[PDB]
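Observations on chain architecture
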Protein chains: 4
Amino acid sequence: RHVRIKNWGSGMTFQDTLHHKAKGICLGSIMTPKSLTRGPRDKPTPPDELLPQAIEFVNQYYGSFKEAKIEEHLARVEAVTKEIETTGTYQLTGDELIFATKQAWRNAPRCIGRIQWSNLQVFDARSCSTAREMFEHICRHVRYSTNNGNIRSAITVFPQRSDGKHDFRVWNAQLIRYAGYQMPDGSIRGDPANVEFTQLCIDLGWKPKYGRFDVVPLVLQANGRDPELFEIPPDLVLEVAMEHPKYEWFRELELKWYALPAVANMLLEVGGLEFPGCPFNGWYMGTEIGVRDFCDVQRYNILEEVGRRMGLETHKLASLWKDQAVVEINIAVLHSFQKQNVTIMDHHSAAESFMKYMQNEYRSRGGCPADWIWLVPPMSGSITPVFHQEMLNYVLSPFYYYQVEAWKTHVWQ
Amino acid sequence: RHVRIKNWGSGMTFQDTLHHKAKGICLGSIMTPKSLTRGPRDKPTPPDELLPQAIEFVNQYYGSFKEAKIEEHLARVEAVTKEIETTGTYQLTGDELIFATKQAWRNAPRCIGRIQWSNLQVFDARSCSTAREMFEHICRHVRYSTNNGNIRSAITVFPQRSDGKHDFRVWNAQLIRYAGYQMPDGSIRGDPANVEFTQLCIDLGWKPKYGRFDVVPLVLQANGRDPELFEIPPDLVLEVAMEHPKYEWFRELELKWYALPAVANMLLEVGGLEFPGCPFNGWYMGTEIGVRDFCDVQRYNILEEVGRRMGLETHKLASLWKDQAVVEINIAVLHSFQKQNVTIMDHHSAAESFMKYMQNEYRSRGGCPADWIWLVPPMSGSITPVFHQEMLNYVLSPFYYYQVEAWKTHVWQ
Amino acid sequence: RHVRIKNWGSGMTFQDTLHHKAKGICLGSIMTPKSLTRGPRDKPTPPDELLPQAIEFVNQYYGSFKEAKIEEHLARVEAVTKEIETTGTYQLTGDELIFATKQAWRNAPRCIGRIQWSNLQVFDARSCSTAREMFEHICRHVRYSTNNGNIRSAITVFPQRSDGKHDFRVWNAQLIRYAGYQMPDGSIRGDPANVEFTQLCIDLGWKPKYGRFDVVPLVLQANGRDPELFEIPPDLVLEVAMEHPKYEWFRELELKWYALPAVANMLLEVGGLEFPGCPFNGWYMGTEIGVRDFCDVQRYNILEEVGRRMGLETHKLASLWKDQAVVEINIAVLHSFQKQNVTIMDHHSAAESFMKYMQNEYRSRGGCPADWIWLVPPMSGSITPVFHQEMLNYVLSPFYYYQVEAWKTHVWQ
Amino acid sequence: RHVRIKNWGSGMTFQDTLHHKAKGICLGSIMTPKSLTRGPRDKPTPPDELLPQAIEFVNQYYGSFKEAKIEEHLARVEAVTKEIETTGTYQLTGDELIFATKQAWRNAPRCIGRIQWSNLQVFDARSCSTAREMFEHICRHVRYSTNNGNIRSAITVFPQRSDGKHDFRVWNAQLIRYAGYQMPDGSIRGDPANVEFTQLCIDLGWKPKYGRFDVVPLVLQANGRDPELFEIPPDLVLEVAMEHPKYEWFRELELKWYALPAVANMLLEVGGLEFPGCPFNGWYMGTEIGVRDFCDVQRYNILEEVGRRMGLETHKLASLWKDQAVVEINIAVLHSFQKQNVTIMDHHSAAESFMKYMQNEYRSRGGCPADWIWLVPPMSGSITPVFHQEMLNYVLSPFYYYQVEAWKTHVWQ
Ligand code: HEM
Ligand code: HEM
Ligand code: HEM
Ligand code: HEM
Ligand SMILES: Cc1cc(N)nc(CCc2cncc([C@H](CN)Cc3cc(C)cc(N)n3)c2)c1
Ligand SMILES: Cc1cc(N)nc(CCc2cncc([C@H](CN)Cc3cc(C)cc(N)n3)c2)c1
Ligand SMILES: Cc1cc(N)nc(CCc2cncc([C@H](CN)Cc3cc(C)cc(N)n3)c2)c1
Ligand SMILES: Cc1cc(N)nc(CCc2cncc([C@H](CN)Cc3cc(C)cc(N)n3)c2)c1
Ligand SMILES: C[C@H](O)[C@H](O)[C@H]1CNc2nc(N)[nH]c(=O)c2N1
Ligand SMILES: C[C@H](O)[C@H](O)[C@H]1CNc2nc(N)[nH]c(=O)c2N1
Ligand SMILES: C[C@H](O)[C@H](O)[C@H]1CNc2nc(N)[nH]c(=O)c2N1
Ligand SMILES: C[C@H](O)[C@H](O)[C@H]1CNc2nc(N)[nH]c(=O)c2N1
């Protein structure tokens, strides 16, 4: 049974059926609902409970293939059953893992970038062992993805959970993020969103360097142990200085940003197994840096200042000065990234492509999970076509769930 | 059960309890869910189930007063219970109404303009009997709200619902909307969302004027009977012609819009009762006209034209040429409404005043129902505090529901 | 002894030999130098001193012909001597007259229109005797030249002056002009520059209408007699109402002007004869009305008002507000004229057309008399080629001279 | 004898007597006429042709002081007479020079700045001895007058002409001026009026830089010797980059202009002495950059382009596009110089003051020598009072004369 949804802009309608295949988990605009969280545990998933899911994942994987693969399918099911019954858990083939990481992306309902899903570099780092080693893998990763400014998407997978006590985790939210500091006059220099995390880093040893853009160290957690700190060697963090193609004074704001956006603190779910260490990256969309990173009040908040030097009437709020200023900032980001041969995509182009993605999804697998709230751009929203797209939002499997900030639960062994 | 609600903008965090007294009706971004609709009926609501709700609301009414008048309260509940007795339904004092309209405004979650909820003008018209009287009651409503420039808000309540066979309802979307016509060569002229309806109007005998800004006539329904067209007198329609502070050429586009946004076809629910005609108006928000009306591909869609006219790089999408037009078009709208002294609200001031309201509502009733998707303005979203506010969405009584539009069910006499 | 003459704009460089013929009469920018006036006299030009000037002209006339008839040159030269000896004066042949009016035009150093000179209607009114009769020829001239808006150049020539005591003249500076009146409160209303003359008319019987554009009557003198008033029928007075093509409000200044510019008060000198009655007209140049008639402080003086009305910064001198208004008014004039199918020439075309003329003159007769001060338009001067053209000013024969205005010398019967 | 002259705008007339004192020298609109030029010579000015002129000046000087200085005056008259009897020439006191330069400024009849005359830095450089020494002096002068943007007027005076074989002159017509080059395909780059000169320096060994705004070298001539080239230190050449305050695109024209207008190539006459080296500067009038430098066909010629940039009907003349652009360019010039904090006066302000200057001169020496052709701005002429003022032109003494340009008449060592 089918659910009707309409693109009010084109009149085109899809019939969504893939929903009636969803894990059945209005908590309305909540950023991190419980429904999308996967907490810690501390005994391994009951093996009885894991079995049906593993058959289901094996079944998904095999029915992904061009011709039927009967022989090897039946083989794999038996194989997997025995493995769980005898060992409590199971291991997945090198391929299975590729397929899952790609599928879980495809299933991520907040990612506008999804047209790229079939195209994802998969770093199998499951046999990883000290934080020493986690750090090395993460560099192998950043080097590949930064690709001399021609960003590519890639994922690095650290060994499954077992226990719920021997977790491999990156504690940082993103691989590369700017520090933020509470200054003695009560003011915040740096990135206010990160005041808390940086404190943690300082507490754990890091020398606080008191600057607008200091890159915070990796906080790496091997086998559930206490975390250890590593600094990403600077020449692997690729950055872009902001300038504006018309306004000189832009350069004087002395603004820059990193090229590579990588989520680190999220957990991957596959046929019942959980990986709490999987950092993945794509490339940036204009507005993320422009609108958010630079104009959000709780991030860099450069909006007021720019209005002032565009000489706008920053006091009559009705003059739309704020909107003008946003747009200039956003041109500046794109322009800088282009003037520099560093991959980046504007929100219009993104949305356009997402519409094509959404189209083939319905055409090919009967559906497409999507968070409208997340997918419609932080700026000039109803000008993009996704704005007028009725969309359904649901949890499939494989899937990327958020977990609980690691420090919130860790026991300092 | 108290539910946590954060404003990632400031940090300020609300507790929410009000959700609990919501007779609890992911249908994600669906424009009109069945959840939010009030269908047609052919019998009157059963004695049995109409009484509990009748009581419910009288309760609300009284425990909202100066203090608490104890036996108007038992003598009003005496009244109602014995009123359902002898004709199985009931009346509301010329005054329980003033309350429930103001209350159901307070309760409509998509309205960003709810700081003004107590400042409403109630036009009692529940006695009214030809459609041609409906017409006059509406023109009172209009001349009043238009107020020669300075807009005030008003609702007009028509007779409730007996058999359902005898409904009083306006078929229009809003009172003032522009007609849309499908031209000989297949092209469209006017407001293209309204083609549909303009068509219907013509079939009911309206002479089409084949013009971009023609005001479509009222289609009116006297208790059940077929509908009759009455055109509004042209000088009860206040309109603003568009021009730009900086762009003399903007006039050349010859664009204008109406002063007054009113909603004809929603149904009010009050402690059990249903009123299928209750038009209500407020004043316009900048974007509704600037962004939405003018820029939407399925509306006037002038964006391409304005960018040619500002000579931007209208072929390189990533030049943000779209985002600039949209700003400039909106300054035009905002500026034109000041130049001709007509109440208008830019989307910032709206947002801010909403945030103040939302704060009040959580302070004084422990909850504020809000549909994030509708409240965040259609341009420059994240530059308005509401974007960063987590919100809960729920239906209370009294409430304004959408109906299936008359022409689709109404049995043709 | 040719004089070098450089056009700094082009670099092109003429050699003037025609100044050698100048009757050799720094009076820098004086509007009416003594040497361009022909005063009254009160005895005929002495037979003696006239004779050579008559021959003079005669050779110049015949030496003008393509052909060259020697025996007619002699026949004419003979007729003339034998005419001057016996009458004391001579008579021009009809044809000689055409030639002479045309030549004096060519010889008018202040007239940018000269490209047109070979092409000019000549009305012979030398046999005229009553003032009423003068008035008839004049309306013939006006209907002819007005030509339903397609203006044509023409001159009407009244009886030569005989003894200086029997002059036929028009006292009016121009055939069509608006009255200026001195109001009781100090202020002036109408054409301030014309208060003076208006007064005289009132004095001779005319009823003042106290209106901004009131057409003054004709003040006509027939051989010596006190002048008489006739009003040109409103039908022969073609006018144009100013509107601007972007500013509706322009029409609110209720401005108009007349289509026909005719100098009436000047004196033609041919071969020692003086005709002090000879009005001639051409078509208007934009700027004459736009810059001069409307913006001269001592004329209609509308400039400040057009300023306020356009919204410019009219107390900051440096804002160039004075210069923007003058451009817009000047457009209104051209626009208005086009709009009503009435010949008008803008000052740019005029400039260029003069340059083509000047150059032909240098080619064909070795010189071209030219008053730089009068020829360079009253706005955007250096933008016209005549500005960078070095010129010589000098008096040839025939020639149009200024006269001492009649009322200043006339003795009244 | 008195000479009456009218201001047609104001009605006001002066009578002029100062002209009787003019050393008695139509040479019509000639830029650089014989009568205002001052020959080279090869003998000293014969002593007793000098004498009457020396007494004359000495008389003027003492006559300038508020209270008769009888003794000191007589002393100086004999002083001088002796000096001439015995040396065949004379020196003038440091003070007399200060007085002369100012008087001669007052007497230069083409300078609308003259309102300032009483107010001039006078660099005595009469002791000067080499071309290098000349260069030294000229910098003192530029750093002084440039005065950090706040322009001040100054004159530097090099040693009087002796036998006029040992002249001291700067061959450059102005101090700072841009080179103009004739490019290989005959197009002209830079300042086309300046081509032939720039070629001269190229030939005296300047390395041509082939840009738009190349500052030319100084061509210096000491003691009649051949000249030598010096380049002004670039940081003494203050320039203004041009931007319109409404049109961003203006900045894209990439125009700038120097801040200091200094005339070198003129000769000072005082009491029969000739100074062939006296460079003077004042500050700019808007128009001479905006209208002339930027719009003359023979200059930077931008008009066509700005027209295109502005959407104007550059193909239909009568649209007055040309007039509209010349305005905006001019605004840009003033606005640029104002924002960059550099003295400039606009042509209305200029003219309004000349008018006060004139009116004082009449009040107080019975005259004011004025070239109307040069005084009336190259734009909106009629809109400035001077257009309407009849003015007399004549040569007093002291006086700044023009010279045969040095390269025409230099005996090449
Ligand atoms: C072609 C490259 C990609 C682009 C252009 C892109 C674009 C985006 C953007 C703009 C967001 C929202 C970011 C924000 O709100 O702060 C997002 C969210 C997300 N994307 Fe992507 N994406 C890309 C690749 C990926 C990849 C490779 C994965 C993992 C396989 C992924 C999974 C997600 C997830 C899980 C979110 C949720 C955001 C959160 O709460 O942190 N995306 N994507
Ligand atoms: C005080 C003036 C008012 C302002 C400024 C205002 C503002 C707005 C805005 C901007 C919208 C969204 C428009 C759209 O998306 O098409 C809206 C929708 C709405 N408002 Fe208001 N409002 C006002 C008065 C009222 C009143 C008097 C009522 C009823 C008593 C009301 C109930 C609603 C409802 C139910 C909607 C949803 C409309 C729909 O789905 O068609 N508002 N309001
Ligand atoms: C094609 C038609 C003509 C045009 C466009 C034209 C243009 C002009 C203009 C623009 C002026 C200056 C007006 C002012 O500043 O007051 C002028 C002055 C003059 N033109 Fe013409 N002209 C035309 C025909 C004639 C004719 C037919 C004659 C006589 C044969 C003539 C002789 C003069 C004279 C004598 C002046 C100086 C008049 C004065 O001081 O009032 N022009 N002309
Ligand atoms: C307040 C300062 C001054 C201003 C604003 C000013 C303004 C002007 C202007 C606009 C011109 C016409 C320039 C042109 O068409 O190229 C001019 C010409 C002239 N001014 Fe000045 N002036 C100033 C000071 C001086 C000084 C200090 C002198 C010499 C002492 C001077 C002597 C002249 C001379 C001789 C000319 C004739 C220009 C030529 O053909 O080279 N002015 N002045
Ligand atoms: C794969 C990828 C691609 C891309 N273009 N951008 C990204 C952005 C990742 C990111 C960076 N900085 C902040 C965020 C989000 C806030 N916008 C993370 C977040 C924060 C919070 C408080 C809740 C939540 N659910 N998610 C996400 C990831
Ligand atoms: C009371 C009031 C105030 C105000 N400022 N603006 C308005 C706008 C009313 C309006 C005008 N034009 C179109 C609409 C709605 C779209 N936003 C119509 C609509 C269409 C559909 C398919 C669903 C829906 N729920 N509503 C609403 C109403
Ligand atoms: C034949 C012709 C053509 C044309 N296009 N314009 C005209 C303008 C005639 C005109 C109209 N209004 C005033 C004037 C002149 C000043 N502009 C009159 C005049 C006045 C004074 C005080 C002195 C003088 N020499 N000339 C002339 C004539
Ligand atoms: C002291 C001073 C002040 C000021 N505001 N402007 C100036 C003008 C400097 C200047 C710059 N470029 C050209 C000129 C003159 C053109 N108006 C040059 C010139 C050329 C010719 C051929 C003749 C002539 N007499 N004068 C002058 C000087
Ligand atoms: C499909 C999607 O829900 C639809 O385009 C909605 C989105 N948000 C909106 N928000 C407001 N305020 N008004 C609207 O019409 C819409 N349209
Ligand atoms: C309250 C609300 O959920 C929150 O501010 C969200 C809204 N939508 C978003 N959408 C994206 N893509 N990224 C964000 O950070 C947010 N913030
Ligand atoms: C004083 C000066 O001669 C007078 O204002 C002149 C200037 N130049 C002119 N030039 C033309 N063509 N017409 C005029 O009236 C004038 N007026
Ligand atoms: C030919 C004419 O004299 C030449 O183009 C003059 C005109 N008037 C001028 N007036 C000023 N002030 N400066 C100039 O260069 C000129 N040029």
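Residues numbered from 1 in each chain as written, not as in the entry; some residues may be left out. Chains lettered and ligands numbered in written order. Heavy atoms only, no water.

X-ray crystallography is the method the PDB entry states for this structure, with the resolution given as 3.16 Å.

**A look at the relation of the copies chain B and chain A**
Applying a rotation about an axis and a shift along it to one chain copy brings it onto the other copy. To keep it simple, the criterion reads: Here the copies share a common frame obtained from a least-squares superposition of their C-alpha atoms. Whether two residues are in contact is decided by their heavy atoms: any pair within 4.5 Å suffices.
Relative to chain A, chain B is turned by 180° and slid 0.0 Å along the rotation axis, the superposed coordinates differing by an RMSD of 0.4 Å. Here the transformation between the copies is reduced to the relation of a two-fold axis. By C-alpha distance to the rotation axis, the residue of chain B lying nearest is B:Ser380, at 2.5 Å. Mapped onto chain A, 98% of the interface residues of chain B are again interface residues, and the two copies thus contact each other with one and the same surface.

**Digging into the interface of chain B and chain A**
Selection criterion: Note: buried area is the sum, over both parts, of the accessible area (probe 1.4 Å) each one loses when the two are combined. For this analysis, a salt bridge means a side-chain nitrogen from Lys or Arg found within 4 Å of a carboxyl oxygen belonging to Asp or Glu. We define a polar contact as two N or O atoms separated by no more than 3.5 Å, with the added condition that, inside protein, one atom must be a possible hydrogen donor and the other a possible acceptor, whereas residues neighbouring each other in sequence contribute only through side-chain atom pairs. Strands are runs of DSSP state E lasting at least two residues, helices are runs of H or I lasting at least four, and both sets are numbered from the N terminus onward. Residues are sorted three ways: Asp, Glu, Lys and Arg are charged, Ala, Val, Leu, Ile, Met, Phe, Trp, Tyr, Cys and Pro are nonpolar, and all the rest, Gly among them, are polar.
Taken together, the 50 residues of chain B in the interface contact 51 residues of chain A. With both sides pooled, the region where chain B packs onto chain A buries about 4100 Å², and carbon together with sulfur makes up 62% of that total. A per-residue breakdown of the area chain B buries against chain A is headed by B:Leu320, B:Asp323 and B:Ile383, which together make up 13% of the total. Inspection of the region where chain B meets chain A yields zero salt bridges. Applying the counting criterion to the chain B and chain A interface returns 16 residue pairs in polar contact. Contributing elements (two or more residues each) for the side of chain B that touches chain A: α6 (286-295), α8 (321-339), α9 (347-365), α10 (372-375) and α11 (385-388) of chain B. For the side of chain B that touches chain A, the element with the highest residue contribution is α8(B), accounting for ten residues. Of the residues in the side of chain B that touches chain A, the class split is 24 nonpolar, 18 polar and eight charged.

**Points about a nonpolar patch on the surface**
Applicable threshold: What makes a patch is a set of residues exposed beyond 30% relative accessible area and free of salt bridges, joined within 9 Å when like-charged and within 5 Å when nonpolar (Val, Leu, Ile, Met, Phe, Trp, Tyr). Only the protein chains shown count as covering a residue, and every accessible area follows the Shrake-Rupley method with a 1.4 Å probe. Accessible area is worked out with a 1.4 Å probe on protein chains only. A residue is then buried under 20% of its type maximum, exposed over 50%, and partly exposed in between.
Judged by side-chain polarity, A:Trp8, B:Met31 and B:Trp374 come together as a nonpolar surface patch covering roughly 280 Å² of accessible area. Looking at the element boundaries, A:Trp8 is found in the loop between β1 (3-6) and β2 (13-16). Owing to a relative accessible area of 34%, A:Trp8 belongs among the partly exposed residues under this scheme.

**Section: helix α1 (residues 47-62) of chain B**
Residues and elements named next belong to chain B. What counts here: Expected helix span is computed as 1.5 Å times (number of residues minus one). Summarising the geometry, the arc corresponds to the directions from the helix axis toward the C-beta atoms.
Compared with the 22 Å implied by 1.5 Å per residue over 16 residues, the 23 Å span of α1 between its first and last C-alpha is a close match. Listed in full, the buried residues belonging to α1 are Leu50, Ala54, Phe57, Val58, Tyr61 and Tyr62. Taken end-on, α1 shows its buried residues confined to a sector of 130°, consistent with a single buried face. Lining the buried residues of α1 we find α2 (70-87), α3 (96-105), β13 (267-270) and β14 (273-275).

**A few points about the coordination of the iron atom of ligand 4**
Cut-off, in case you're wondering: Donor atoms: N, O and S within 2.8 Å of the metal, or within 3.2 Å for Na, K and Ca. Because water is excluded, sites can look incomplete.
If you check the protein contacts of the iron atom of ligand 4, you find one donor only, D:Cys111 (SG), at 2.4 Å. Within the secondary structure, D:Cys111 sits in the loop between α3 (94-106) and β3 (121-124).

**What to know about the side chain of A:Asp323**
What counts here: Residues scored as positive are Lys and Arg, those scored as negative are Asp and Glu, and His as well as the terminal groups of each chain are ignored.
Among the structural elements, A:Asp323 can be located in helix α9 (residues 321-338). Nearest to the buried, unbridged A:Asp323 among oppositely charged side chains is A:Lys322, at 8.9 Å. Among the polar contacts listed, one links the side chain of A:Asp323 to the side chain of B:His348, at a separation of 2.8 Å. Leave out the neighbours within four places in its chain, and A:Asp323 touches B:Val327, B:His347, B:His348, B:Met379 and B:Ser380.

**Details of the interface of chain D and chain C**
With 49 residues of chain D in contact, the opposing surface of chain C contributes 50 residues. Across the chain D to chain C interface the summed buried area is about 4100 Å²; carbon plus sulfur atoms make up 62%. Looking only at chain D, the three residues that lose the most surface to chain C are D:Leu320, D:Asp323 and D:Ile383, adding up to 14% of its buried area. Summed over the shared surface of chain D and chain C, the number is zero salt bridges. The interface formed by chain D and chain C includes 17 residue pairs in polar contact. Elements with a minimum of two residues in the side of chain D that touches chain C: α6 (286-293), α8 (321-339), α9 (347-365), α10 (372-375) and α11 (385-388) of chain D. Split by residue class, the side of chain D that touches chain C holds 23 nonpolar, 18 polar and eight charged.

**Some words on the relation of the copies chain D and chain C**
You can overlay chain D on chain C at an RMSD of 0.4 Å; the transform is a turn of 179° with a shift of 0.0 Å along its axis. When you check the interface residues of chain D against chain C, 96% turn up at the interface there too, and the contact is symmetric in its surfaces.

**Comments concerning the site of ligand 4**
All names here are of chain D. Applicable threshold: Nearness is defined per residue: one heavy atom within 4 Å of the molecule or strand is enough.
Neighbouring ligand 4 are 16 residues; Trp105, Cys111, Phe280, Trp374 and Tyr402 lie closest to it. A distance of 3.3 Å separates a nitrogen atom of ligand 4 from a polar side-chain atom of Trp105. The side chain of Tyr402 places a nitrogen or oxygen atom 3.0 Å from an oxygen atom of ligand 4. In the shell around ligand 4, the residues fall into ten nonpolar, four polar and two charged.

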